[PDB]
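Notes follow once the structure below has been shown.
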Amino acid sequence: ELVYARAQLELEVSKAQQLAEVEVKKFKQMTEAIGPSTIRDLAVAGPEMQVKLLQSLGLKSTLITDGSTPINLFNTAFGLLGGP
Amino acid sequence: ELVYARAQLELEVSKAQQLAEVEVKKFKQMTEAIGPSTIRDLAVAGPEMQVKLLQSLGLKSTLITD
Amino acid sequence: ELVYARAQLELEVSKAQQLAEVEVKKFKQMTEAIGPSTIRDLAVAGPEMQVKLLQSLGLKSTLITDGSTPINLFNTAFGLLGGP
Amino acid sequence: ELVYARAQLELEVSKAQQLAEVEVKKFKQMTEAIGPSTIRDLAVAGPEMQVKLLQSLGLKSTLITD
Amino acid sequence: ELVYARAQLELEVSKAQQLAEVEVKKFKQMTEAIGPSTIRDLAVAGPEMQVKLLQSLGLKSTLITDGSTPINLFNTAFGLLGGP
Amino acid sequence: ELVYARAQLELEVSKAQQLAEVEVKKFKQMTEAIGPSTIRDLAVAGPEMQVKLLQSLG
Amino acid sequence: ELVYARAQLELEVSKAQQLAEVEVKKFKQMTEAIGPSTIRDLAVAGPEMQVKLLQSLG
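Protein chains in written order, with UniProt numbering: chain B, 769 to 850, 852 to 853; chain E, 769 to 834; chain W, 769 to 850, 852 to 853; chain X, 769 to 834; chain V, 769 to 850, 852 to 853; chain Z, 769 to 826; chain Y, 769 to 826.
Pasting the structure below:
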């Protein structure tokens with residue numbers, strides 16, 4: 769019995785080793801294709817535009833709230849500008 | 769029994785070793801490809817953007833009530 | 769009878785000793801792998817950002833409350849900023 | 769009876785001693801590894817962090833009512 | 769009869785004397801193990817933080833009350849800060 | 769009769785004595801590991817810390 | 769009898785000892801592939817980032 773289970777364990781590790789290399793190869797090439805500094809840009813610039821879209825108004829707001837269930841300021845800030 | 773159990777233990781540990789080795793190598797080579805300072809500079813953004821966002825409400829004065 | 773219970777007590781303490789050593793070995797190696805100053809940092813920096821967020825607004829607030837069952841100021845402070 | 773009871777007392781105290789010795793050594797070597805000043809400086813944080821939090825509401829004036 | 773009651777009374781006092789010494793031994797050794805000025809600190813510092821918290825806000829409050837069922841100022845002071 | 773109870777008293781007091789020393793020893797040794805100068809200002813850290821720390825330190 | 773349990777203790781502790789080292793090795797190596805530096809800054813990024821990053825990094 770046990771030696772057959774060892775022979776499958778060598779195969780299980782072989783499949784894991786080779787597929788992990790195949791994915792890493794694809795991932796490295798995909799991150800030489802797009803210049804990797806612009807991956808910082810691709811993640812930041814969407815949400816950073818939703819900053820530039822409020823900073824252009826230069827608001828001077830006043831807040832009135834309940835105290836134990838108060839207004840979520842993030843849902844406020846997006847809500848002026850479309852959350853969905 | 770104790771011979772088979774020692775052998776099953778060695779089998780299980782040998783799997784745990786080799787799959788951990790693969791998962792480290794994968795993690796290492798992907799993190800090498802991006803550069804840890806690029807991961808850092810993404811991670812810094814989330815907080816800093818939320819700061820600029822809430823600052824942009826321009827809250828001069830406030831009132832809290834029951 | 770009693771000597772078998774003593775022989776089980778020697779075995780029980782042997783188990784308790786050896787497991788406690790395995791746990792301490794793992795714990796010391798973990799706390800040498802991460803820098804211990806960065807373990808101080810990891811616990812503070814999460815709730816520190818929830819300070820740094822409100823500190824950016826520099827609020828100037830007026831509070832109206834009930835007396836016998838008043839407004840919790842911690843639920844107020846997180847509530848502007850997402852409690853859940 | 770009193771011989772067996774003295775022997776059972778001796779057995780129990782011998783267990784209590786040895787499990788306490790293990791639990792001290794465990795506590796000692798973990799607290800050695802973190803450093804008492806690291807435990808201190810985490811414990812100091814909770815209060816000071818809550819102070820900075822509530823200070824940041826900037827409460828100028830207040831009103832209590834029935 | 770009554771001689772047996774005297775003999776039990778000696779035994780009752782013997783138990784009371786010994787258990788009282790055993791507890792006092794533990795109590796003295798405990799209060800040498802942790803420094804007794806730290807036992808002064810331990811009881812004060814919990815409530816001290818619930819002072820140091822409100823003292824940081826430096827409130828300038830106004831009160832309105834019913835006269836015959838007035839607002840408890842301790843439940844007010846904790847209530848801003850979590852009573853439960 | 770009463771000699772048995774007078775002997776059971778020695779046994780009960782022996783159990784009280786020998787367990788009290790184990791707990792005192794444990795308390796002194798834990799206190800000497802986390803020295804009193806950092807048991808002070810651990811009491812203020814509040815429940816969420818105290819639970820997290822006692823889970824963290826076995 | 770009890771010799772079998774005295775042997776089972778060696779086996780259970782051997783399993784504890786050998787698995788503990790594999791997880792430490794993995795943790796030390798991942799915590800060197802990225803430093804302890806850059807786990808700071810990652811700790812504040814919040815859940816939407818941390819989930820996205822652990823998906824993004826294999």
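Ideal Cβ positions, reconstructed from N, Cα and C, are used throughout, including at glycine.
Alpha helix (DSSP H) segment containing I807/W, residue limits:
In the third sequence, residue 807/W corresponds to position 39, counting from 1. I807/W -> alpha helix (DSSP H) spans 804 to 825.
Please confirm if the region 833 to 846 of chain B is in contact with the region 774 to 788 of chain W, defined as three or more CB-CB distances below 8 Å between the two stretches.
no
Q823/X touches chain Z at which residues, Cβ-Cβ below 8 Å?
Along the fourth sequence, read from residue 1 onward, the residue named residue 823/X stands at position 55. Ordered by position in chain Z, no residue passes the 8 Å Cβ test against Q823/X, which lies about 17 Å from the chain.
Give every residue of the same chain whose Cβ lies closer than 7 Å to the Cβ of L821/W, excluding the five residues on either side of it in the sequence, and list them in chain order.
Translated into positions along the third sequence, residue 821/W becomes position 53. Same-chain partners within the cutoff: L849.
Grab me the residues of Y772/B's own chain with a C-beta within less than 8 Å of its C-beta, minus the 5 sequence neighbours each way, in chain order.
Counting from 1 along the first sequence, the entry for residue 772/B is found at position 4. Within the same chain, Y772/B has no close Cβ partners at all.
Does the beta carbon of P815/W come closer than 8 Å to any beta carbon on chain X?
Translated into the one-based positions of the third sequence, residue 815/W becomes position 47. Yes, contact with chain X.
Is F795/W buried or exposed, if buried means 16 or more other CB atoms sit within 10 Å of its CB?
Here residue 795/W corresponds to residue number 27 of the third sequence, with the count starting at 1. Under this definition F795/W is a buried residue.
Over the uninterrupted beta strand (DSSP E) stretch that includes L779/W, give me the two end residues.
Position 11 of the third sequence, counted from the first residue, corresponds to residue 779/W. From DSSP, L779/W is part of no beta strand (DSSP E) but of the alpha helix (DSSP H) over 770 to 801.
Mind checking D809/W: buried by the 16 CB within 10 Å criterion, or exposed?
Working through the third sequence from its first residue, we reach residue 809/W at position 41. With 16 or more other Cβ atoms within 10 Å, it is buried.
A801/Z versus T806/Y: straight-line alpha-carbon distance, rounded
Mapped onto the sixth sequence, residue 801/Z falls at position 33. Mapped onto the seventh sequence, residue 806/Y falls at position 38. So the two alpha carbons sit approximately 32 Å from each other.
I need the boundaries of the alpha helix (DSSP H) containing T844/W, first residue and last residue.
For the purposes of this step, residue 844/W is taken as residue 76 along the third sequence, with counting starting at 1. Here the alpha helix (DSSP H) through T844/W covers 841 to 847.
Those residues which DSSP pairs with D834/E across a bridge:
Residue numbering aside, residue 834/E sits at position 66 when the second sequence is read from its first letter. Answer is none; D834/E lacks a bridge partner.
Pull up the CB-CB distance for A784/Y and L787/W, whole angstroms please, since I reckon it's below 8 Å.
Walking along the seventh sequence from the start, residue 784/Y turns up at place 16. Walking along the third sequence from the start, residue 787/W turns up at place 19. Confirmed, about 6 Å.
Just the Cα atoms here: how many angstroms apart are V792/Z and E769/Z?
Within the sixth sequence, the letter at position 24 stands for residue 792/Z. Within the sixth sequence, the letter at position 1 stands for residue 769/Z. When rounded, the distance between both Cα atoms is 36 Å.
Alpha carbon to alpha carbon, how far is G814/W from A813/X?
For the purposes of this step, residue 814/W is taken as the residue at position 46 of the third sequence. For the purposes of this step, residue 813/X is taken as the residue at position 45 of the fourth sequence. Looking at the two C-alpha atoms, the distance is approximately 12 Å.
According to DSSP, which residues form a beta bridge with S829/X?
Indexing the fourth sequence from 1 puts residue 829/X at position 61. Looking at the DSSP assignment, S829/X forms a beta bridge with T830/W.
Nearest to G852/V by CA position, among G835/W, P853/W, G852/W, is which residue?
For this step, residue 852/V is matched to residue 83 along the fifth sequence. Closest option to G852/V, Cα to Cα, is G835/W.
Using a Cβ cut-off of 8 Å (strictly closer), state whether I807/W contacts chain E.
Taking the third sequence and counting its residues from 1, one reaches residue 807/W at position 39. Chain E contact via Cβ: absent.
In whole angstroms, what separates the C-alpha of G803/X from that of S824/Z?
As a position in the fourth sequence, residue 803/X is number 35, starting the count at 1. As a position in the sixth sequence, residue 824/Z is number 56, starting the count at 1. The alpha-carbon atoms of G803/X and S824/Z are separated by roughly 13 Å.
Within 10 angstroms of the Cβ of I832/B, are there 16 or more other Cβ atoms? Answer buried if so, exposed if not.
What you label residue 832/B is simply residue 64 of the first sequence in a count that begins at 1. It is exposed - the Cβ of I832/B has fewer than 16 other Cβ atoms within 10 Å.
How would you list, in chain order, the residues of chain X whose beta-carbon sits under 8 Å from the beta-carbon of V790/Z?
For the purposes of this step, residue 790/Z is identified with residue 22 of the sixth sequence, where counting begins at 1. Identification of chain X residues near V790/Z by a Cβ-Cβ cut-off of 8 Å yields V781, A784, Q785, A788, ordered along the chain.
Should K794/X be flagged as near chain Z, meaning a C-beta pair shorter than 8 Å?
Translated into positions along the fourth sequence, residue 794/X becomes position 26. So yes, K794/X belongs to the interface.
In whole angstroms, what separates the C-alpha of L827/W from that of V819/E?
Here residue 827/W corresponds to residue number 59 of the third sequence, with the count starting at 1. Here residue 819/E corresponds to residue number 51 of the second sequence, with the count starting at 1. Approximately 14 Å between the Cα atoms of the pair.
Just checking: is the beta-carbon of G852/W within a distance shorter than 8 Å of some beta-carbon in chain Y?
Here the question's residue 852/W lines up with position 83 in the third sequence. No - not a single Cβ of chain Y is within 8 Å of the one on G852/W.
Residues of chain X with CB under 9 Å from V812/Z, in chain order?
Along the sixth sequence, one-based indexing puts residue 812/Z at 44. Ordered by position in chain X, the residues that pass the 9 Å Cβ test against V812/Z are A811, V812, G814, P815.
Residues of chain E with a CB under 9 Å from the CB of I832/B: which are they?
Within the first sequence, numbered from 1, the residue matching residue 832/B stands at position 64. The contacting residues are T830, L831, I832, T833.
Hey, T830/E and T837/B are a contact pair by Cβ (cut 8 Å); roughly how many whole angstroms apart?
The count along the second sequence starts at 1 and reaches residue 830/E at position 62. The count along the first sequence starts at 1 and reaches residue 837/B at position 69. Actually they are not in contact, since the Cβ atoms of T830/E and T837/B sit about 15 Å apart, beyond 8 Å.
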